[PDB]
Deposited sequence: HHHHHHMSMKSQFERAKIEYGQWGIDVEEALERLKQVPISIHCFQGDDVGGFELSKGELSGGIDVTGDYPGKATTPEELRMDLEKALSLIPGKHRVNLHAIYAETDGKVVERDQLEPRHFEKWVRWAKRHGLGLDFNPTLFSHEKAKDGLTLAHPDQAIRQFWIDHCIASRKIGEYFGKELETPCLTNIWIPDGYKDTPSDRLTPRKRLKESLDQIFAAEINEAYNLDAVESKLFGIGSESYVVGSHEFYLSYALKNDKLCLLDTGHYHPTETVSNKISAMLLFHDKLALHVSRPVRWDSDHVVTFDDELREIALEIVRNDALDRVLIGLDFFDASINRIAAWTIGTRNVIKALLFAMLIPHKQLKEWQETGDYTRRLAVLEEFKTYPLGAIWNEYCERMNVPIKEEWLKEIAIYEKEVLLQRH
């Protein structure tokens, strides 16, 4: 039933010179960096209402991730934060975290053939209680966070060295003001100076890459954030670093897809966090939505699968967490698949020659092409459940393991 259909679906695409065999081959190898903090609702293991069954233990969260990976087709990566340090039960200050403290994570990734990405954690800490960190007026506080981002950079280096795949160490900070600033310049000056110091030492790009990440506002962070779109975009260009863009972190109607093509004109590499904003930076699970499709179109038309590091960042505590990961990851795969299966060549020519009629027409007609058939075949070949059947595998794990914790 499944194959003969895919055989028919395959010729529909092939009449456009769309080699689906090739696209499946290319799709098999794009890695998706998934975020750990969905496992335990940003808990972490720092020594000191919502859906049931969250992880509360390193061993619990590692099993959770294994579960989700098994329902997600392909080879992927896991995206770690510093509070996921396993300090062996002895409190270690964030400025003092070391490769030692992520030893097991690495061993575990080796075992499962996963790349590891990293983040310094700059929130939920006494030294960030004032809402400022890298940009706090106090030197002693800035230094602590400088040092910690540096400790973080070394850990990033460690992952790449251990796993033979570069690790991306992304810096995100919450620094801002809830209410109206009487000075927008001084805190940002302090951010540049904190970053200059954080980036002082060269690390081989074969092991670690640095990324900076903007946001327009947070809760308690509404009138102004220090690390803004214009700052980091400038900062990154100046210092040959990576801009990390988060589909939830911009203005209303503001779109990350429109930004990809300009970015690659000036940066060789680009970093992506895909999450679903529902009116604020809310972190709903990624849906196979228009903007998502569009992002995918950009990544593909622009021969950018090797240049756009794709990560996920969402946190929904109201539904099953393993379903969160698998719903959200499959969706970004689906989208890549979809953009793989568009006749870019003819669409380009039509644009080129002002045939806006064919362009609109066929882009639209492609929305009813037989995607499910390919996507379903791809899942069969990739030893993951085929449609909603991964739901059954989640019900077992919820019954047998999750509800039991």
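Comparing the deposited sequence with the modelled residues, the stretches lacking C-alpha coordinates are 1-7, 56-66, 424.
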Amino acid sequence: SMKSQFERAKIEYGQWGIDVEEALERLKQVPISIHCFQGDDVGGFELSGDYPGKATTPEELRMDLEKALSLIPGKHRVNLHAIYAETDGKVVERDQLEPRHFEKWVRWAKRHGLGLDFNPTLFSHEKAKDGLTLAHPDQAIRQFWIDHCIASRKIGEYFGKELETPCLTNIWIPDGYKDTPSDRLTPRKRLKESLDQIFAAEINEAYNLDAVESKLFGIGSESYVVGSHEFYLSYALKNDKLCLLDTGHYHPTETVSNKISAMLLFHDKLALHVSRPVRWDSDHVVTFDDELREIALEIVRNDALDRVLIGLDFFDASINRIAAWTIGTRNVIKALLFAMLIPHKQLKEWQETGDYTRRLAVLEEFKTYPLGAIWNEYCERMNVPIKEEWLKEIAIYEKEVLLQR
From here on, numbers count along this sequence of modelled residues.
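Two stretches are in play, 73-81 and 249-257, and the higher mean C-alpha B-factor belongs to 73-81.
Look at the mean CA B-factor for 229-237 and for 128-136 in the entry; the higher one is 128-136.
Residue set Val106, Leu122, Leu244, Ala335: peak C-alpha B-factor at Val106 (per PDB entry).
Per the PDB entry, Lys90 shows the highest C-alpha temperature factor of the residues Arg276, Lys90, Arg293, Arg330. When the modelled residues of the chain are ordered by C-alpha B-factor, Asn208 sits in the middle third.
Sort the chain's modelled residues by C-alpha temperature factor and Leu163 lands in the highest third, per the entry. Annotation for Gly176: C-alpha temperature factor in the lowest third relative to the rest of the modelled chain, per the entry.
Sort the chain's modelled residues by C-alpha temperature factor and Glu352 lands in the middle third, per the entry. Per the PDB record, residue ranking by Cα B-factor puts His101 in the highest third of the chain.
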